[PDB]
Amino acid sequence: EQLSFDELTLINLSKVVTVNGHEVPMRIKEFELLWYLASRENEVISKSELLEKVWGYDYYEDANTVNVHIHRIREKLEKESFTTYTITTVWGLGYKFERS
């Protein structure tokens, strides 16, 4: 389907992210993680949950893999000057996609 938030839009079917119509390409886990959050605008999510759904129940890499990918997405967005929304780190609690 489709998700948009001002200049930004997310197309699941193709795993494409665009800002002002310009593709900001992203690896699949980055897109899928951002989709998850933006489907749930304004909800706080736990790293645990994020990793569980996005990377797998089984996923066994020992990293701040979620918290590395959040930063990655934010970098990518801010590069293209999208600011109106963001992922907010809610310390101790999880991650939030909402308006800046």
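What counts, and at which threshold
- Residues numbered from 1 in each chain as written, not as in the entry; some residues may be left out.
- Heavy atoms only, no water.
- Residues with missing side-chain atoms left out of burial classes, pairs and counts.
- Pairing = 2+ DSSP bridges.
- Helix = DSSP H or I, 4+ residues; strand = E, 2+ residues; numbered from the N terminus.
- Contact = heavy atoms within 4.5 Å.
- Axes fitted to C-alpha atoms, helices over the stretch in contact; angles between N-to-C directions.
- Parallel < 35°, antiparallel > 145°, perpendicular 65-115°, else oblique.
- Nonpolar A, V, L, I, M, F, W, Y, C, P; charged D, E, K, R; others polar.
- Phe/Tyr/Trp six-rings, centres within 6.5 Å; stacked < 30°, edge-to-face > 60°.

In the PDB header, X-ray crystallography is given as the technique by which the entry was determined, and 2.501 Å as its resolution.

Our next topic: the sheet that holds strand 3 (residues 16–19). Spatially, the four strands line up as an open sheet ordered 1-2-3-4, and their pairing is antiparallel. Strand pairing shows two members of the sheet lacking a second neighbour, strand 1 (2–5) and strand 4 (22–23), which therefore form its edges. As paired strands, strand 1 and strand 2 (residues 8–11) are joined by four bridges and run antiparallel to one another. Bridge pairing in strand 2 links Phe5 to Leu8. Its contacts with the sheet put helix 1 (residues 28–38) on strand 1, strand 2 and strand 3, and the angle it makes with strand 2 is roughly 110°.

Further remarks concern the packing of helix 1 against helix 3 (residues 66–79). A pair of packed helices is characterised by two quantities: the angle between their axes and the separation of those axes. Between helix 1 and helix 3, whose axes approach to 10 Å, the crossing angle comes to 90°. Between helix 1 and helix 3, the interaxial angle falls into the category roughly perpendicular. Within the contact between the two elements, helix 1 uses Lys29, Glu30, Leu33, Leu34 and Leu37 and helix 3 uses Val66, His69, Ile70, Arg72, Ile73 and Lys76. Taken together, the residues that form the contact of helix 1 with helix 3 break down as six nonpolar, one polar and four charged.

A loop of two residues connects strand 1 with strand 2, the two strands running antiparallel in sequence, and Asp6 in this loop sits at a positive phi of about 55°. Between strand 2 and strand 3, which pair antiparallel in sequence order, lie four residues; one of them, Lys15, sits at a positive phi of approximately 60°.

The next subject is the sheet that holds strand 6 (residues 85–90). By definition, the strands of a sheet pair up through backbone hydrogen bonds, in either a parallel or an antiparallel sense. Ordered by their spatial adjacency, three strands build an open sheet running 5-7-6, and the pairing between neighbours is antiparallel. Both edges of this open sheet fall to strand 5 (44–45) and strand 6, since each of them pairs with a single strand only. Alignment of strand 6 against strand 7 (residues 94–99), held across six bridges, turns out to be antiparallel. Within the sheet, the bridge partner assigned to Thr88 lies in strand 7 and is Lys96. Packed onto the sheet, helix 3 meets strand 6 and strand 7 and runs at close to 150° relative to strand 6.

Here we take up unusual backbone geometry. A positive phi angle, close to 60°, is found at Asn20, a residue other than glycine. Locating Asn20 in the fold gives a position in the loop between strand 3 and strand 4. With a phi angle near 70°, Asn42 is a residue other than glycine that sits in the positive phi range.

Next up on the list: the packing of aromatic side chains. With centroids separated by 6.2 Å and ring planes inclined at 10°, the aromatic side chains of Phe31 and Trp35 adopt a geometry described as stacked. Taken together, the residues span about one helical turn, with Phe31 and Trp35 both in helix 1 at a distance of four residues. Linked through ring pairs, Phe5, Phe82, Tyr85 and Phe97 together constitute an aromatic cluster.

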